[PDB]
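[1] these chains are from a complex, not moved at all, and more is on the way:
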Amino acid sequence: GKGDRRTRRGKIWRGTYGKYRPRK
Amino acid sequence: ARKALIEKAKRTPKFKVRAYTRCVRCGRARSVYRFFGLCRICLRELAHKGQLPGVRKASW
Amino acid sequence: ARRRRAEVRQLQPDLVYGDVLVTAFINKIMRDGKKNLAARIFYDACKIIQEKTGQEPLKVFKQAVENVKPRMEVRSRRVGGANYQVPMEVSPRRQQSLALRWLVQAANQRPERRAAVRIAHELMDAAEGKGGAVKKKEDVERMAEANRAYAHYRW
Amino acid sequence: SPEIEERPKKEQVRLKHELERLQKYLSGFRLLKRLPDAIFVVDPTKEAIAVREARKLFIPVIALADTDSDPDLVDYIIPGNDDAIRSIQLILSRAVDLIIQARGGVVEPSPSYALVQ
């Protein structure tokens, strides 16, 4: 889901990282 | 309000969030490239004239 | 085009069995340009073939597509201002095209969950003589012999 | 000329094709760059297209003519056969003979009898 505000590609499409997406 | 505005754009009296971009040549409100500091219109005009160094016709 | 006939696209032969017909089937399965995915999905069914019957997936594939190969079809055509459903022989390429195509659809028609098993069971019924894609073939050939009256315009 | 070094094969054969067609028709006309004092023809009817030009240009009109012709529109007529190499040769030979005879050094007529057959 490229639209889920809580998923892998969820932030990837939004150009962000956050919790569910690994970040330094 | 065209003339008084181009003068106000160079004023920057209050905070920095008013020193918006403003073309120099024909003094356009928008489409102002920061690099050239010109508007897209006067940009192409000069380019054809050759007054823009290193600015060659792009082709690929 | 109005000028040239435009030659067919000679596809790359099979990279496992050695046959262009197989690879073409992978292409029909290919969704969103994922060959390697569709390829495996095809070979998955190939193994499902040997699971059910001790028959080689190669000939099991030929038998299926062969029994789903539409011999004739009806085509619309104008004459002074009227459409006639004129039937006639199909081109060998188009027959191969439709056959491979219908099968892919017939698999989609099945209730089976995984795609491989859908392709598997469908290829069985097709090679047999009765299946979702096969009946759609039987259907089209009926239309031909049905409108055999208008077959006077062979063109 | 040593200027052939340039000009690619393109302009070469084309320019050679120029020379070919140029000589294909003009060969025999280029020798004179002025309006001829008169015109001689083999059939005033067929080449009447030229007859008109000379006529409108006040250029005298002389020409061998067959029954299939229009004698009234010809100044100095030359009646006789025309659709035969035999008849044409006898006239053209003797005619040009008068040209060289009034010029200088009367030579032997060109080898035509051999070409006739």
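    Arrived safely, thanks for sending. Residues are numbered from 1 along each chain as shown, chains lettered A, B, ... in the order given.

[2] Residue 8: how many residues sit nearby?
    Assuming you mean chain A. Counted with other CB atoms under 10 Å in any protein chain shown, residues neighbouring residue A:8 total 13. Every residue, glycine included, has its C-beta placed from N, CA and C.

[3] that's the other chain; I wanted chain C
    Residue C:8 is flanked by 7 other residues according to other CB under 10 Å.

[4] you'd agree it is up against residue C:94?
    No. Here residue C:8 does not reach residue C:94: they are 10.9 Å apart, not a contact under CB atoms under 8 Å.

[5] which SS class is residue B:42?
    Counting by DSSP: H, G, I helix; E, B strand; the rest coil, the backbone at residue B:42 sits in helix.

[6] again with the one 4 residues further on
    Under three-state DSSP, the three-state class of residue B:46 is helix.

[7] Nearest residue to it in space, please, no chain neighbours.
    Once flanking residues are discounted, residue B:46 sits nearest to residue B:52: 4.9 Å by CB to CB, 6 or more residues apart in numbering or on different chains.

[8] and the gap between the one you found and residue A:3?
    Note on residue B:52: its distance to residue A:3, by CB to CB, to the nearest Å, is 44 Å.

[9] if we can go back for a sec, confirm the residue nearest to residue B:46 sits in a strand?
    No. Counting by three-state DSSP, residue B:52 is not found in a strand; it is coil.

[10] give the contact list for it.
    Contacts here follow CB atoms under 8 Å, 6 or more residues apart in numbering or on different chains; on that basis residue B:52 touches B:36, B:43, B:46.

[11] Top of those by number of neighbours, please.
    When neighbours are taken as other CB under 10 Å, the top entry among those is residue B:43 (21 neighbours).

[12] Contact partners for that one?
    Contacts of residue B:43 by CB under 8 Å, 6+ apart are B:33, B:36, B:52.

[13] I'd like the distance between it and residue B:31.
    Residue B:43 is 9 Å from residue B:31, where distance means CB to CB.

[14] Now do the SS call for the residue nearest to the spatial centre of chain C.
    The centre of chain C sits closest to residue C:99, judged by CA atoms, centre = their mean, with a distance of 1.3 Å. Following three-state DSSP, we place residue C:99 in the helix state.

[15] just curious, which of the contacts of residue B:52 is nearest to residue C:35?
    Nearest to residue C:35 among the contacts of residue B:52, counting by CB to CB, is residue B:43 at 45.5 Å.

[16] Include this sequence as chain E:
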Amino acid sequence: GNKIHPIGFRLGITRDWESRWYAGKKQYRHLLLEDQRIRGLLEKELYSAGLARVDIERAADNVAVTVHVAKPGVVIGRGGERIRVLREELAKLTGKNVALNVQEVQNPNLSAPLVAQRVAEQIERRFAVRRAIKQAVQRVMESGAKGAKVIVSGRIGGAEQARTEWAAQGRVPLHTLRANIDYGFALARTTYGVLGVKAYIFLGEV
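    To build on what is shown above, here is chain E added in:
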């Protein structure tokens, strides 16, 4: 029609920049900004002798302001006074090392900008608009050129509806690169409005 500006078309191959010089991504704007006001002031107090190619060179405080002119006899005055005070007013507001390298023009009739600004002025002075273009194109061709083209546009004389007078001779292959065709734009003030001017001079080849 369209017809992209033939100069920007030859920009790379044929004619080089009317202002040649390098600049870093840091101050390219400021450099070209002052570079502009320069040529602008030149067009103002120098159009007298009829300038054209205002060539410019820069690198580091050095600015070769080469200015091609139909007759430098006016850009120098007498001995050295006009040209000198010109360098004065130049660096007077600038800071770079001004260097006015004036150069004549072998023939203004073969120079597009001059041919245009010339006839364009005639129209301002109220003249035979039609034949003014005819003599202009005939002037360049009979001069030594190998292709000419001139076009005015606007209220010819002062008519309501617009119009555009086309006139040219020789060859003007604008689609070809190896042509070296000088462009010649020009204004034309009239008591009734504006007026467009164009000019094309084919010369070079290969």
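
[17] ok chain E is loaded, check the neighbour count of residue A:8 again?
    Residue A:8: 13 surrounding residues under other CB under 10 Å.

[18] May I ask which helix or strand encompasses the closest residue to chain E within chain C?
    Nearest residue of chain C to chain E: residue C:3, at 27.4 Å (CB to the nearest CB). For residue C:3, there is no enclosing helix or strand under DSSP states H and E.

[19] ditto for residue E:24
    Taking DSSP H and E as the definition, residue E:24 sits outside all helices and strands.

[20] since we're on the residue of chain C closest to chain E, how many residues are nearby?
    Using other CB under 10 Å, residue C:3 has 5 other residues around it.

[21] and the longest helix along chain E, what does it pack onto?
    Ranked by number of residues, the top helix in chain E under DSSP state H is helix E:28-44. Helix E:28-44 sits against strand E:51-54, helix E:82-93, with contacts defined as 3 or more CB pairs under 8 Å, 6 or more residues apart in numbering or on different chains; DSSP states H and E.

[22] Just the buried positions in it, please.
    Neighbour counts over helix E:28-44 (16 or more other CB atoms under 10 Å in any protein chain shown) mark E:28, E:29, E:31, E:32, E:33, E:35, E:36, E:38, E:39, E:42 as buried.

[23] can you tell me the helix or strand for the residue minimising distance to the centre of chain A?
    Centrality entry for chain A: nearest residue to the mean C-alpha point is residue A:11, 2.0 Å, by CA atoms, centre = their mean. Secondary structure assigned from DSSP H and E places residue A:11 in helix A:8-13.

[24] So which of the buried residues of helix E:28-44 is the closest to chain B?
    The nearest one, if we look at the buried residues of helix E:28-44 relative to chain B and count by CB to the nearest CB, is residue E:29, at 3.9 Å.

[25] residues contacting the closest one?
    Residue E:29 is in contact with B:24, B:34, B:35, B:36, B:37, B:38, counting by CB under 8 Å, 6+ apart.

[26] roughly how far apart are it and residue E:200?
    To residue E:200, residue E:29 is 32 Å away according to CB to CB.

[27] Equivalent analysis for residue C:4, please.
    From residue C:4 over to residue E:200 the distance is 42 Å, taken as CB to CB.

[28] between these two, which one's more packed in?
    Ranked by neighbour count (other CB under 10 Å), residue C:4 and residue E:200 place residue E:200 first, with 25 against 6.

[29] Now do the contacts for the more buried one.
    Residue E:200 touches E:6, E:112, E:147-150, E:168, E:172, E:174, E:181-184, counting by CB under 8 Å, 6+ apart.

[30] throw chain F onto that model:
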Amino acid sequence: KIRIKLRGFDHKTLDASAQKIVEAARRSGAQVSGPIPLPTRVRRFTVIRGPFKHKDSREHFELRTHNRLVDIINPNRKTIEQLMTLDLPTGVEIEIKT
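    The block that follows adds chain F to the chains above:
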């Protein structure tokens, strides 16, 4: 030991100034690695043609910013004077460091 940068626009003018330095340094000193071209950083600017609305037929330019590297080893006094006097740059902003 020493390293020279030759940034500039026109590669035709860059080639002349770069080759010039190569002859001057080698023909009057120790070894010198030839002109080393780097990936040319280009400023591709796209934009519309018409003044008003025309989201098509747009025209775009590009700023060719070339790069050429040349390395001279042994600091020769002859090469220093040669490059200090016999030079003919123009639109070529060079930068040299040890």
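
[31] so, the contacts of residue B:43 revisited with chain F in the model?
    Contacts of residue B:43 (CB under 8 Å, 6+ apart): B:33, B:36, B:52, F:45, F:47.

[32] Am I right that the fourth one is in contact with residue F:63?
    Yes. The pair residue F:45 and residue F:63 passes the contact test of CB under 8 Å, sitting 7.2 Å apart.

[33] which residues are in contact with both of the two?
    residue B:55.

[34] Residue C:7 versus the closest residue to chain F within chain C, what's the distance?
    Closest residue of chain C to chain F, CB to the nearest CB: residue C:1 (26.8 Å). As judged by CB to CB, residue C:1 and residue C:7 stand 11 Å apart.

[35] swap in residue E:174?
    40 Å.

[36] just to revisit the earlier point, and the residue nearest to the centre of chain C, what is it in contact with?
    Here residue C:99 is in contact with C:65, C:66, C:68, C:69, C:70, C:133, C:137 (criterion: CB under 8 Å, 6+ apart).

[37] Same list, these, but as TSV with secondary structure and distance to chain B please.
    Putting the contacts of residue C:99 into TSV (DSSP: H, G, I helix; E, B strand; the rest coil; distance: CB to the nearest CB, whole Å) gives the following:
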residue	secondary structure	distance to chain B
C:65	helix	46
C:66	helix	50
C:68	coil	48
C:69	coil	48
C:70	coil	48
C:133	helix	48
C:137	helix	50
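
[38] from those, which would you call buried?
    If you count burial by 16+ other CB under 10 Å, the buried members of the contacts of residue C:99 come out as C:65, C:68, C:69, C:70, C:133, C:137.

[39] out of the residues you listed, who's nearest residue E:66?
    residue C:65 (78.3 Å).

[40] ok, for the closest one, nearest residue in space, not its chain neighbours?
    Leaving aside its sequence neighbours, residue C:65 sits nearest to residue C:99 (CB to CB, 6+ apart; 4.7 Å).

[41] which residues in chain D form helices?
    For chain D, the helices defined by DSSP H occupy D:9-26, D:48-56, D:85-103, D:113-116.

[42] buried ones in the second one?
    To tie it back to what came earlier, the one meant is helix D:48-56. Buried residues in helix D:48-56, counted by 16+ other CB under 10 Å: D:48, D:51, D:54, D:55.

[43] so how far is that helix off the chain centroid?
    15 Å (CA atoms, centre = their mean, to the nearest Å).

[44] And for the shortest one?
    Distance of helix D:113-116 from its chain centroid, counting by CA atoms, centre = their mean, is 19 Å.

[45] Ok, the third one next?
    The chain centroid and the centroid of helix D:85-103 are separated by 13 Å under CA atoms, centre = their mean.
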